[PDB]
Structures are given as structure tokens and as C-alpha cells.
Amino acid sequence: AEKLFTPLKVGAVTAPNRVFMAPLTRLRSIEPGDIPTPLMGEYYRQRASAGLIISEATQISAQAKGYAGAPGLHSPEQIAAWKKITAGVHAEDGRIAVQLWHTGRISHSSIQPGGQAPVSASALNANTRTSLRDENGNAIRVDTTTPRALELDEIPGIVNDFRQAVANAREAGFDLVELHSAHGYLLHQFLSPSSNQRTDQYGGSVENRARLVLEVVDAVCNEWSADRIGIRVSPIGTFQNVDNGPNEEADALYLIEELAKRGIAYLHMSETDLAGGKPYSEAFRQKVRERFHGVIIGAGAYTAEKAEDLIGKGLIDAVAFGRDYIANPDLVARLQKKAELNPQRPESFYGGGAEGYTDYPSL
């Protein structure tokens, strides 16, 4: 069609096209153990024609767990299972990044270590729901538990958990890592004034609110290499009840300038929540583009036409598609041929088994 099907260097790897698979929580891991499965391996292998696969959000630690059925990357059994998944993608000549998260306050005590309260920047309930499993293994929605504020002396341990999870990602065969700094999860809970009322060096000013994420970026670049690190941000608008405060544009540009200093592989911008939000102006896209010198990935209700427009204008380099990738394993070939897409079945986005997961056909 036009530029979507052309190669792009993304840090240490080269994508053959600009059609990426966005990170998508599907809640099909084995419990106990939060272990990836052969069925997950098949799902990712089906999608290996993507320019880059970004995995579902994956826990850096047991404390990081927010949803029943989300996988981890902290135990030996998890590492071994992910190695099989990455090897399947590579057998199909694909590339895969792991999205690493800590859910912070979007969690429930029943899935935390010891059954205790989850942690956050401050002791404020998320006022949302998470997904648990019932006695028959089926996904159910439950109100989030009020968190405890992290003590200052606990912050280095959070940094260390990200560091260790990146070392584990490298062993598991991932090509890149994506830090989950978006959507109201732990790193975003520190970034946003709505969720961060701290009076130490980790709250107040934008420099203090960004301190934790930038300590994490520095630690993971040191552990592996900057050209292996990406980050997902959602810095404009409201996401899962977390807004970006009264100075969101200036605060976003500060963060992006700081990330640029580290020479990381990519910046992945989640532009809108699933419930919608105001579109990015071209002027703001230009301000982002002049501050970041790696790859920029756009996401959020994109069409191929919008992607072509913005790639052609030189404002973004690639697009991540979420729900179209759930339903279309061969999305690249379908967009290239202008073929129809399979219809989406949202009732099977979370939990369950093969149905609504590996049963969407290729052309």
C-alpha cells in the first residue's frame, strides 16, 4: 500500500514492516505459578508476521501481580516457559518484546503475597475493578483493594525487581523489553499528581514524580543495553481513572526529553483509553518528534489510513494494533492485500481457552 510495509530499525533488531502487535492481556496463564502455556505459544507463533510482537503485560515479581491469569517473568518455571514461546516466534522469523509491569494499586489482596494489601505511591484506592478467577477457573471482576504507600526504603527494591526481570527477559530470548509506564499501573501512579500525594523526593514536582521511572530506565539500560529498551507511556488524557494532571503537555515533554538522554530504542505512545479521549494535535506530535531520537510507535484506535498519514508526515515510525491483532493473526497480509478482517468476539478477550484465542483463521 504505501509505507506500512517497509523495514524499520528498532534498536538492536530490524522490523520488516511497521504493523506491530500491541501488548494485550488475555489472562490465560497457568495458576498456580503464573506460567505461560503452549496455547499462548501457539497464539504468538500465529502472529509472528508482525513487524514486532509486544507481549501481554508480564509481572516483574509476585508483588507486581494485579490480575489472575497474567504471566510472570521472575521464577525458573516462568523463564523456561517463555523460552519456548520466544523460540516459536523466532522459528517463524518474527521478533518479540516482553512488556514488564508492576500493577501497583490495580490489584486485590487475595492475589498478593501473604494475602496483604497491594502497594502504590500513596494509600488511595484505584476505584476500579481487576480480574480474578472463580472456583471453576473462570474470569470474574472484583473491586480493587486499597493500597499501602511504599516506604522510601522500599523504592530501591522496586528498581531492582525491574532490573532482575530485564536480565531474565534476556535469558528467555526476548529481542527487546517494553517498560509499562502507562494506563494507571505503578510507574504511572508515581507520574500522575492524582495518584501521588508523596512529600518525599518521589512526589510533588514533575522531576520528583518522574524520578522512579527514570531510575528504572537507568537500571535496565545498565543491566542490558539501551538499544534493547522501550517504554510505553500514556501521558495525555485519562487512563483507568488516572489523569495526567493540570500541566500534562509540559510534563510529558519533560519526561520525553529525559528518556531521550538515555538513547533507548523506542517510545510507544498510548494515545487514548478504550473509552476515548481527545486526539493528539499535529503540533504536539511535532514537539514529541523533535525531543526523541529513536523509534516512535503510535497506538489507540488506529486505522491503516491514519497510520499511513502520520508515517508519511514523518511524525511516527510504526503503529501498534491491539484488537485487530486479537482477531487477525495475519493482519499484515490482510492490510497489504486490502482484505476483509475477521469479526471480533470481545466476550473471549479475557480468560478461557482456545476459543476466541487461537481459532481466528488466517487467509
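Each form is matched to the other, and the largest set of C-alpha atoms that superpose within 1.5 Å is called the rigid core. All residue numbers are counted from 1 along the displayed sequence.
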{"property": "Greatest C-alpha divergence in 6 other deposited structures of this protein once each structure is fitted on the rigid core, 95-103 or 272-280", "result": "272-280"}
{"property": "Comparing 128-136 with 156-164, the one whose average Cα B-factor in the PDB entry is higher", "result": "128-136"}
{"property": "Comparing 76-84 with 276-284, the one whose average Cα B-factor in the PDB entry is higher", "result": "276-284"}
{"property": "Highest-ranked of 107, 189, 199, 234 once sorted by CA temperature factor in the record", "result": "199"}
{"property": "Options 297, 40, 315, 50 - largest CA temperature factor per the record", "result": "315"}
{"property": "Assigned third (lowest, middle, highest) for the C-alpha B factor of residue 151", "result": "highest"}
{"property": "B-factor third for the C-alpha atom of residue 227 within its chain", "result": "middle"}
{"property": "Cα B factor band for residue 94 (lowest, middle or highest third within the chain)", "result": "middle"}
{"property": "Residue 305 - which third its CA temperature factor falls in, relative to the rest of the chain", "result": "highest"}
{"property": "Relative C-alpha B-factor of residue 175, binned into the chain's lowest, middle or highest third", "result": "lowest"}
